[PDB]
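Heads up: the sequence shown runs through residues 1 to 181, numbered per the authors' numbering.
Each residue gets a CB set at the ideal place from its N, CA and C atoms; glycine is no exception.
Working notes, structure below.
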Amino acid sequence: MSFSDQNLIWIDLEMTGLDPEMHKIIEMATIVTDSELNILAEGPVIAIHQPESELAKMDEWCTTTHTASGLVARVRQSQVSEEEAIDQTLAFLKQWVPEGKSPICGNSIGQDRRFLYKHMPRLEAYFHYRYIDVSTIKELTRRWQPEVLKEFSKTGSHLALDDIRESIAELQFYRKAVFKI
Ligand code: NA
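Structure follows, in structure tokens:
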């Protein structure tokens, strides 16, 4: 429908920790916006199965966060592997954005990309090499006019789809508050 090489691919992952060589992806969510940040479609929201030995690497922050959100129970019950999650996500993205055109979009999105390189390289390859990191704008705003940041807040639930929706909302806020284009 609104297929376009200008559309943007937004992605958020949840993991068992911060180290791609040690930890695993346990949730993924994608959203496609047009170039003006209008949400066109939401992609698969996938809890990825991991065995207890991998869940057992989680520190207290991860254990308490992902248990209280319900993610751990969804991971334990999930029948979807990383490979099947890649397949579902690519089948979605091919309907909205051509391969290799969209930067990877999100907050501190270089961290997610590291996990994609290690665990989902076929999906990493779908992105253009550039990054649209909303937290770049957050950090520049903090230094140039920090009072702006009091006008926006996040819930931060660490449910991947809700968090990437907050990333888009943050950029929409910056478009009006700190940009003049
Ligand atoms: Na994130």
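How would you call residue i, buried or exposed, if buried means at least 16 neighbouring beta carbons within 10 angstroms?
i, result
"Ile181", "exposed"
"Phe127", "buried"
"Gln77", "exposed"
"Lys24", "buried"
"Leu13", "buried"
"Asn38", "exposed"
"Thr16", "buried"
"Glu27", "buried"
"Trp96", "buried"
"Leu18", "exposed"
"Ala68", "exposed"
Output the distance between the C-alpha atoms of residue i and residue j, rounded to the nearest integer angstrom.
i, j, result
"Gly100", "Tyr129", "8 Å"
"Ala56", "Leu159", "20 Å"
"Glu21", "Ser102", "26 Å"
"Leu93", "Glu166", "20 Å"
"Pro44", "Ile11", "11 Å"
"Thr30", "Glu147", "31 Å"
"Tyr174", "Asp162", "19 Å"
"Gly70", "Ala47", "10 Å"
"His119", "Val178", "36 Å"
"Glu60", "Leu40", "37 Å"
Have a look at the DSSP bridge pairing and note the partners of residue i.
i, result
"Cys105", "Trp10, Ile132"
"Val32", "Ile9, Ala41"
"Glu27", "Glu14, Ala47"
Which full runs of the alpha helix (DSSP H) of 4+ residues lie inside the segment 56 to 116, going along the chain?
60 to 68, 71 to 77, 82 to 93
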